[PDB]
Amino acid sequence: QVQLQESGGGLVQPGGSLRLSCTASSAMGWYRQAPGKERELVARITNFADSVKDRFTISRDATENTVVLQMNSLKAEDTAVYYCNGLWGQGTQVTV
Amino acid sequence: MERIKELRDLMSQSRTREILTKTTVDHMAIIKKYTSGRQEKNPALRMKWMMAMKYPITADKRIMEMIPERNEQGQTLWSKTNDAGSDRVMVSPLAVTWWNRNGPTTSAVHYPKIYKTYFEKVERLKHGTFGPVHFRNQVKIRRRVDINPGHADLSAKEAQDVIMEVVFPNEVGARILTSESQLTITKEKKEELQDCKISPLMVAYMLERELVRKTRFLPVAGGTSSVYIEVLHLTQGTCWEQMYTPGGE
Amino acid sequence: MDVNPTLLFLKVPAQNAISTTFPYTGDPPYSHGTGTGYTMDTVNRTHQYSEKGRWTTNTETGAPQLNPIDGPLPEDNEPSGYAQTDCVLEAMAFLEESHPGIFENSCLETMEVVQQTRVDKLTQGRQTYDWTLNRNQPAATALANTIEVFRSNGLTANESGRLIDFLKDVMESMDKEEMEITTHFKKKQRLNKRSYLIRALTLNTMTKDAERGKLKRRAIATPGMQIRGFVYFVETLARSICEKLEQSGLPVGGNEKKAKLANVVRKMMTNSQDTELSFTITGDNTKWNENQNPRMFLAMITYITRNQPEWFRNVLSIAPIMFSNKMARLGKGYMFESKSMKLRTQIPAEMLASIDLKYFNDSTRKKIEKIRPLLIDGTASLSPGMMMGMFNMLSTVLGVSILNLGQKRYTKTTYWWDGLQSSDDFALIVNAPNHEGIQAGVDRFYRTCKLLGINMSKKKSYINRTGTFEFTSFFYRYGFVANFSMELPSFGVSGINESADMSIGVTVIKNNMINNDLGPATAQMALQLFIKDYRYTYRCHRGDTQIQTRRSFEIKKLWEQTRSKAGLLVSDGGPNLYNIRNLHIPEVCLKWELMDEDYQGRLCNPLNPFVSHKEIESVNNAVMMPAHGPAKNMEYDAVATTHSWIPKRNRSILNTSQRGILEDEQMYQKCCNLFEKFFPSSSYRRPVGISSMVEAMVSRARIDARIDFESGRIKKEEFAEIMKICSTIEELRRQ
Amino acid sequence: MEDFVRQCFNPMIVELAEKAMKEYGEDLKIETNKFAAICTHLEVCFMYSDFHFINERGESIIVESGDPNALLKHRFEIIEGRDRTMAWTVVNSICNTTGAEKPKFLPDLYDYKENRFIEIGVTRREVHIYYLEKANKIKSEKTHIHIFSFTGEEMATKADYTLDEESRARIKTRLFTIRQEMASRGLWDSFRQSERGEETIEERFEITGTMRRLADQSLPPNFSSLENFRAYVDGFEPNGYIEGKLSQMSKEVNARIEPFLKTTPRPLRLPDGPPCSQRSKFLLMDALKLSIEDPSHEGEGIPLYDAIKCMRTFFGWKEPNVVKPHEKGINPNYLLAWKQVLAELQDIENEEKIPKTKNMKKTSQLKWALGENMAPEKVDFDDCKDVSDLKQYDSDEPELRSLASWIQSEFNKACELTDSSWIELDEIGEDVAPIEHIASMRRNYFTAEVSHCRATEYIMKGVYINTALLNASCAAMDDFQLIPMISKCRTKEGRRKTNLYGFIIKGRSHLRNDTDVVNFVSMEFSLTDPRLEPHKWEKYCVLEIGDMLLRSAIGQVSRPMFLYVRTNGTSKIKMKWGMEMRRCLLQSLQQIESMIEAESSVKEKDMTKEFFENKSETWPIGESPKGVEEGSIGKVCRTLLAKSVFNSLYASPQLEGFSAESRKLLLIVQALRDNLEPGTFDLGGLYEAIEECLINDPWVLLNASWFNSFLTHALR
RNA sequence: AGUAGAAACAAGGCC
RNA sequence: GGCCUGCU
């Protein structure tokens, strides 16, 4: 019914910025799972985790069904696999 | 040869033989109009309704041996199922357009000579010269005027004998036309249409239209001439006059 | 702000924008089921408007008939059919005096026509009630069936080919003990004297559809074939009479009607001095046909035909004699529904005489109870008055007599009146020195009308000062004003064929521009819309478009094949070159010089299997029933092309017991085609004579083989073969 | 004398002569000598023609009996023995093939050698007078004439005798056989002179038998026979009989004129009852459009693919649920039908090429929604008579309903401008005359005025929907068919665009009569909540299907988006008339052009440009609580176009009746306003005639309210 | 149910 | 289930 394709992951330095996107073909959002930790909510569309407030901004275009996540002021603690949800994407690695 | 042969074939079967024997010549018309088909009360509604069907028109049986049953993609052009009360077969409208793109061709040079009235209208209009439009109230008064601009000063019956002698010289009967105007008209329209093969009936109808005078009552303002009345819709209006001079003058 | 178009009349006079008050852009009302209720209501209403007459029982038909003539004078303004014989005879006498020589002349031309008329003239008519099958059939079919039955019964005077002889046979049939008819389900059935009398005196009732301008539906009638010849002769006399009367407007067209109305109003007002006041009454007659007694028409015609040969008087009197005893078939019947058992049923009207009244509602129950006494053999006697305008012209004659009876020579008073009468409608201009004079004049006119069985509809009539009035949807306001809303329904595809529809549409636009003052820009818009609808109806689009249809492929290949694509007809997917200047030119001739010779030859090919021409009458004549008027025929200019095909027929006869009619049709058409090939003039001039088919055909075969050898293709071998084949068919006809 | 023709002559000739006898219509019993004389003439014609053959030479071959061969040519070919029509047929054919001259009378034979006619006549009198007699009867004749006479003599001009003399000996032997056989009979007391050329007849049309008795029962009450009545009529003369009965007639029979003043006319009463409902076949004021911005033209394209592409342009679909029920049907059926339509639309989207026309499955849902198998089965009366419930069809006056304010607002917004051009006109011949240029400029002005009008959009919607419905009914008579409501417009920027209002499911359409009804179910998207004017949607079922976000300065609205679903029906006549809605444009613009021409007849100049640009002149085209409001000519154009469109949409017998009976009163009121002393004979009757047309149709009730308002504003 | 409105449709008949 | 008709 929906298929979810993520993009924009990779390798970034401390204090840097990275932009994830999710193409979907109700609520949609981004979750992350770090090694040995449970899967946590990052942002959904808005609502935001306290760890990422003032640093990460989610937006949604309903025309193109696309949910961007702008991540600024990145830290080592933000190293995780990031998953889109609407149904789950495959997950995109983010390494700070 | 053929004609008497289908005559004999008809007389072979008892019913047609009886019809031919007991029916007198005078009743010809009656039995020819004898039909179960009622005259349509609302032609537009059914023409808009029938054209949505397949095989909505009718054509002679000969179409089955000039036009293929189907076109390139397989759209059927004609059907072999005959009409209700005739030997004609129901066919699709494509069989018309097909006939206009790959059907047999002929020499249509003589149609201008037959349809004299319409081509004369076209020639008269093609060489016409328009003028300025003047806006002023027009006092349209109703008058009896002749619409046909080619009438040869003959009535319906008066020219009917001429038409028969021109087209059907043998069925004239007693009448031999006395007026010499009719003599010259017969000579001209005989030598002109000597081998035209459109149809005797249409030739007679168009000769009747051309030669016979016809008159109708219309609201006119000025003009009053035969050539100026056919364009009465273009030269005279409610509050405007359009000066016009047909090509003839 | 709320939009309200009617307020537009506060600035534009009513007549200058009357077109807005004609909702002729929607579907007109239609009847759905039986017309029996309307027929019964009309019969009862006609019989109760003449209740005070005298009752009798016909010794021949055994039906009850009501004669109100010379009955008590009306004492109320309700409709009354109590016409007085002496008054109407005096009115006709004054009509003759004011127009000396009218009756004698008209009778002379009518006598000429009657004694030279032929039987085939009866075929030129629409549906007629065939009594051989008790149903409506085309005029030609009914005439043929009646002639066949007469010949089978021994009445063969019609073989003389004269309509007068056919009527002689018809009357002689009235005195026969037992006739025989044919029925298919073939069975030969015997009809006694009375049954045949009632079958010949009966009318078939139907419901009129496509009637705009009233909330309720009406019923109309169609007579048989025995009485149509007398009606034809009587109407010929009445037309010849009315053509000599300027106050009549029935035998003329619309523009002539307007011209005569303008002339009469100008004559009445202009001759009136400053002292005389003038008033116009826009009068409609309530229950016009129901209050006209056929006996009074008999009186009028016998006064008209005074001092004439007795045979002429008899033949012209036969018609009203039969109308006075006319019967009406109740109709199709009544359909019942049972929702508890979920079923429906259709009972024929002939059961109304005996069927119980438990199934009928209160209104229909009372109508049946009131009409039952008049039921004789499934049909109701309708002696008191005419059913539906069969004698239009005689009614117009009576109205014109009333109009002329106030020429100021018979009024004997300062007031006087004139006007124009067309059956069921009239305009009356009355002048008098004072309002009292006008009132007296109108009162006396109304009173005189009530003495002739004619009633004035007070609800649909009004009187104002002269200069503004109405007449048959023609609104006069110091000069007639165009409407254009009456002709709106005629702006679509007529439905004849492609070329015919194109020519008819352009010609209608042209005519409405000439007569109904259609504007130039409006005419161009009408042309554009008509072309759009024409292309969308016949699936013939411009060809350069990608509109996929059932005909878009062949059209597109023809388009790509043609070099000069401007010459293609709109029927074949070509551009439209029509304009205000080209509305009087056929499409073929307008595009003749632009067509490619190959396409031109393929289009206008005589050997095309689509074009079919039957008779000179049906070459380029199209019957378009105009809105708010009787069926009319139009001459349309068109060139015989491959697009002149004729459409498919009904084809539903195959499921009916009347299936053998199609075989007879086919055989008759085969014989007619053979005769035409033998006699080429068969179509243009209908052949005459008393010989039989095969005689003429074989003898002409003899002669034509002879002469076509004396110069032509034939050879001695073939000529002798034809001669001996003629002998063979001769001996075959022997046996 | 007839015994002679019984005895001697062969059958062939006697029946030929009998048919010639019938030809001119005289009877054989009165004078028979003519029969014998002309039958002998015919016999000599045969005996002279037969037994005479020719071959490729001249020099006729004479054989007593024609042998079997192709050589059976006849020397002389007979003229007489035929009807007049055929005799003249042979005459004309011979003249046209032989190039000879046409005689004015009937010849008897034709010959090849001399290529000409023979008129044989054997008279009782001697030849040398009868010859020149018939010669001076025939004008300037080259046809050779030859006659015999009983004495045995022969003669001819040119001294010419055209064949063998033994044949002529035959002729005269036959002749004297005739003569000295009458000798045994004895007929010459009249044989020489028995015919003198009598031609006279009187036409007899006698009334007798039953038809006479009928004539005796079709007279005035106090007459006994047609003879007596005709005698009375012939003896009747005018002696002032109309005056006597006029004086005797009661004076209550009058046509008194009631003056019509400003205070006379009363407002038309409107019926009272439940509010009026919606009758249109599609949403007019509450329609919503899903678009693609494609470059295709109106007819260009394929419906299903365009509809699917337009619907995919919208996001926010929700599971549908009931919002406002039909109140008389089964709303779950409508819900299931909507979901079925969506599912099958996806099914088409999946496969290879979108079909031009799709058929849907006949589930119970649409079986109920389309009214299938609900017509009562037709049976015979003799089998259903004891059923108590069996009665007539319900035939009574329709239910009474009072006017509501929704139709007024619908008409108000039907005359408003739009952001699109809803008319793409066809091509016309290039204008050549100045009048054609004026017409084209006028037409361009009106098109600019009316194209951006909701009335034109309604016209296109109705035309397309009815055309598709009629074509589907005529093609797919049996099987339910899906048709997306499509209308193509052009934006202000000029980009073409498509619009999808919804879908129509056509059902079984075996339409025989013009009144037979085809039922369909219509679904249309909208944003208008049906909870505010429920009485206008009595026959609709409205679901909630999604949410729409249209850009607005108030954040973004995120309005609900509902689906109006209903079961409707039409007929062949209704479809045909709804597919000719474009003539509303005509009606309206003809009215406006008549206005323009009438005003321009005053000032000798075309007045269109200043009317459409300056907008100085205005007409009363509506009333506001402040008073009557006037608008420019363009607003009048749009108002008249909307009036015509609504006439075509809400057409009914009520509309026709009210229009006629209110045009009458409008003419009376106009006469009053013109100071023409109008008068009426029965105004109450006219009022009752008008008021009986107002029953339940919203359009006619709105027209009546408009008429009442016009009366109130008029008469001042 | 629906269309429609003084009576009808919501297929007909034939096997 | 198979076939016929759509103004008769």
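The record names cryo-EM as the way this model was obtained, at a resolution of 4.07 Å.

Asks: Please set out the state of the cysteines residue by residue, giving values where relevant.
Replies: Evaluation of the coordinates by the stated rule reveals one disulfide over all chains. Covalently, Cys 22 of chain A is tied to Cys 84 of chain A through a disulfide, its sulfur atoms 2.0 Å apart. Between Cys 22 of chain A and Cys 84 of chain A, the disulfide has an S-S torsion of -85° and is therefore left-handed. Here the two residues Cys 22 of chain A and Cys 84 of chain A agree in accessibility, since each one is buried. Free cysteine: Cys 540 of chain C, not disulfide-bonded; nearest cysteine sulfur from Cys 604 of chain C at 16 Å. Take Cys 540 of chain C: its relative accessible area is 0%, and that puts it in the buried class. Not engaged in a disulfide, the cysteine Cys 8 of chain D finds its nearest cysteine sulfur in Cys 39 of chain D; these two sulfurs lie 9.6 Å apart.

Asks: Describe the sheet that holds strand β4 (residues 144-148) of chain D, with residues and values.
Replies: Residue and element names in this part refer to chain D. Pairing is mixed in the open sheet, where five strands are placed in the order β1-β2-β3-β4-β5. With one partner strand each, in any of the chains shown, β1 (76-78) and β5 (154-156) form the two edges of the open sheet. Within this sheet the neighbouring strands show an average axis-to-axis angle of 25°, counted without direction. Across three bridges, β4 lies against β5 in antiparallel orientation. Each bridged residue has a counterpart across the sheet, and for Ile 147 the counterpart in β5 is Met 155. Contacts from helix α5 (residues 127-137) reach β3 (116-120), β4 and β5 within the one sheet, and its direction differs from that of β4 by about 150°.

Asks: So, a positive patch on the surface: which residues are in play, and what are the values?
Replies: A contiguous patch of positive charge on the surface is contributed by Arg 38 and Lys 41 of chain B together with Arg 126 and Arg 135 of chain C. Structurally, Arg 135 of chain C can be placed in strand β5 (residues 135-137). For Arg 135 of chain C, a relative accessible area of 39% corresponds to the partly exposed category.

Asks: Outline the protein's contact with RNA strand F, listing residues and values.
Replies: For RNA strand F, the set of nearby residues contains 17 residues, the closest of which are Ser 36, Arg 38 and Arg 46 of chain B, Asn 650 of chain C together with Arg 512 of chain D. Among the atoms of RNA strand F close to the protein, meaning within 4 Å, 59% are from sugar or phosphate groups. Between RNA strand F and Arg 38 of chain B there is a distance of 2.7 Å, counted from a sugar or linking oxygen to a side-chain nitrogen or oxygen. Split into classes, the residues belonging to the surface near RNA strand F amount to three nonpolar, six polar and eight charged.

Asks: Can you explain the packing of aromatic side chains? Please cite residues and give values.
Replies: Inspection of the entire model under this criterion finds 63 aromatic pairs over all chains. Centre to centre, the rings of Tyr 111 of chain B and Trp 592 of chain C are 6.4 Å apart; their planes meet at 25°, and the pair counts as stacked. Within this pair, whereas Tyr 111 of chain B is found in helix α6 (residues 111-114), its partner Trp 592 of chain C is found in the loop between α17 (587-590) and α18 (597-603), the two belonging to separate chains. Like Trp 592 of chain C, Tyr 111 of chain B is buried. Relative to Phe 76 of chain D, the ring of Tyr 48 of chain D lies with its centre 5.0 Å away and its plane at 5°, an arrangement referred to as stacked. Residue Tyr 48 of chain D is located in helix α3 (residues 33-49), and its partner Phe 76 of chain D is located in strand β1; the two are separated by 28 residues in the primary sequence. An aromatic cluster of at least three residues, connected via ring pairs, comprises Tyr 111, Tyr 115, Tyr 118 and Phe 119 of chain B together with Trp 592 of chain C. Its end group placed over the ring of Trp 88 of chain A, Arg 39 of chain A keeps NZ or CZ at 3.9 Å from the ring centre. The cationic tip of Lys 461 of chain D hangs over the ring face of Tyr 501 of chain D; the distance from NZ or CZ to the ring centre is 4.6 Å.

Conventions used here
- Residues numbered from 1 in each chain as written, not as in the entry; some residues may be left out.
- Chains lettered and ligands numbered in written order.
- Heavy atoms only, no water.
- Disulfide = S-S within 2.5 Å.
- Buried < 20%, exposed > 50% of the residue type's maximum accessible area, 1.4 Å probe, protein only.
- Pairing = 2+ DSSP bridges.
- Helix = DSSP H or I, 4+ residues; strand = E, 2+ residues; numbered from the N terminus.
- Axes fitted to C-alpha atoms, helices over the stretch in contact; angles between N-to-C directions.
- Contact = heavy atoms within 4.5 Å.
- Patch = residues over 30% accessible without salt bridge, like charges linked within 9 Å, V, L, I, M, F, W, Y side chains within 5 Å.
- Areas by Shrake-Rupley, 256 points an atom, 1.4 Å probe, with all protein chains shown as cover.
- Salt bridge = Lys/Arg side-chain N within 4 Å of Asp/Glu carboxyl O.
- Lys, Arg positive; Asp, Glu negative; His and termini not counted.
- Charge placed at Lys NZ, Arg CZ, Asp CG, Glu CD.
- Near = heavy atom within 4 Å.
- Polar contact = N/O pair within 3.5 Å; in protein donor to acceptor, adjacent residues only side chain to side chain.
- Nonpolar A, V, L, I, M, F, W, Y, C, P; charged D, E, K, R; others polar.
- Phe/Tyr/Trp six-rings, centres within 6.5 Å; stacked < 30°, edge-to-face > 60°.
- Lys NZ or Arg CZ within 6 Å of the ring centre and 35° of its normal.

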